[PDB]
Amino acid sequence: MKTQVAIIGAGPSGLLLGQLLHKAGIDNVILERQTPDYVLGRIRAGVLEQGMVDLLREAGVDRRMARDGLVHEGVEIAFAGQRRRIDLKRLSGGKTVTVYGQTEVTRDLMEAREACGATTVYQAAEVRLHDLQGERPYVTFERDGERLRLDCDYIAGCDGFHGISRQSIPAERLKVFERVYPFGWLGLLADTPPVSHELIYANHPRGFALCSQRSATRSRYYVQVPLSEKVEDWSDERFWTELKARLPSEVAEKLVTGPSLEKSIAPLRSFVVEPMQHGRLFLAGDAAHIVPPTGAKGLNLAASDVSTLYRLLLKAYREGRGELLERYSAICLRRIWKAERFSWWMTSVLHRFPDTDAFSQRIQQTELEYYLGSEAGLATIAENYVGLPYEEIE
């Protein structure tokens, strides 16, 4: 079996990269450990930057998003009995963000790939990467008992945090940067109208709460929760009562509750690996970095890694400029670190930390008061929130 670019992982990164590549004439095969249904079961992201929206258009998979996606021009932050609206559009010079679930984006990409007839092998078990520094790397996997080999020119590791690709780079070549937060997010998806037309991030003494949405009749809520929590300990009723206790009274009063369609706990963490490549293997998305959910940057950073990898590969195949691929890590890391800095800042000002001294609590509240009260403070949040510009390369 032979292709030009082998892609490990059929989550959004792999599918998006594969679609862009296919449309430009660069053959690619995607290998995925799970089944289509398992992948489609992950709820995850809801907020997309303008850059990600443009990439989807370039891949030609934007019909449903243009119809069903909700364009947001602002977002609210509630703390100490007050709600402040950050006008993203005004403060960032006209940019906005789009709410369209990750599940939907993934569904759109999968349908698009099937229609073009590109190769995707699900239940590709025990994927192994070989001869990463040779001129002819290859991938081996198992499909129903038999071990098959796929030959390629390049390999893009789009296999998330627990993927095989990052594990295939000699540990000594990698530099790992990681921070584990002492809390997680308990999320609940419900077929109920959202409490507001814009998102509400809330810093409350009991902990963080976030009011989000998927559509006009589907909501997504989150509440900060200790790492010791087990989802079976949170009945729908306990969740709604908790959510209500963390929101401003006028917001909690008009909240329409309902049975959960999905309920799960996601731990918060920051993780960056440098560089993001080795030989003919290039890491993209969660395989190379994790950002806490607070800033809505994860899927958005995956998009920029992908936009960068695709353009460099195009240059390599179309223009014979294979040497430009060495710049991949340098280009992506500049954006990754600024997004990590923002996600980290959001996380530190919106959440309640264990054993915080009086001074730090006061500084936390003052950070909010300053950034939300100053025109310059507001603009730093807004420009970071809509997403810093992609770099052009070369």
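Position 1 is the first residue in the sequence shown; the rest follow in order.
### Task
Would you determine, from the values in the PDB entry, which of 34 to 42 and 335 to 343 has the greater average C-alpha temperature factor?
Comparing 335 to 343 with 34 to 42, the higher average CA B-factor belongs to 34 to 42.
### Query
Which wins on mean Cα temperature factor, 382 to 390 or 11 to 19?
Per the PDB entry, the higher value belongs to 382 to 390.
### Message
Among the choices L132, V176, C211, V127, identify the one whose CA B-factor in the record is greatest.
### Response
Top of the list by C-alpha B-factor: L132.
### Query
Taking the values straight from the PDB record, which of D108, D153, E250, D159 has the highest C-alpha temperature factor?
Highest C-alpha B-factor among the listed residues goes to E250.
### Query
With respect to C-alpha B-factor, does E104 fall in the lowest, middle or highest third of the chain as deposited?
Middle third by C-alpha B-factor.
### Task
Report the third (lowest, middle or highest) to which the CA temperature factor of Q167 belongs, ranking only the modelled residues of the same chain.
Highest third.
### Task
Give the position of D62 by CA B-factor within its chain, expressed as the lowest, middle or highest third.
Highest third.
### Message
Quick check on the deposited entry: does the C-alpha B-factor of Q365 sit in the lowest, middle or highest third of its chain?
### Response
It belongs to the middle third of the chain when residues are ordered by C-alpha B-factor.
### Query
Lowest, middle or highest third: where is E49 by C-alpha B factor in its chain?
Lowest third.
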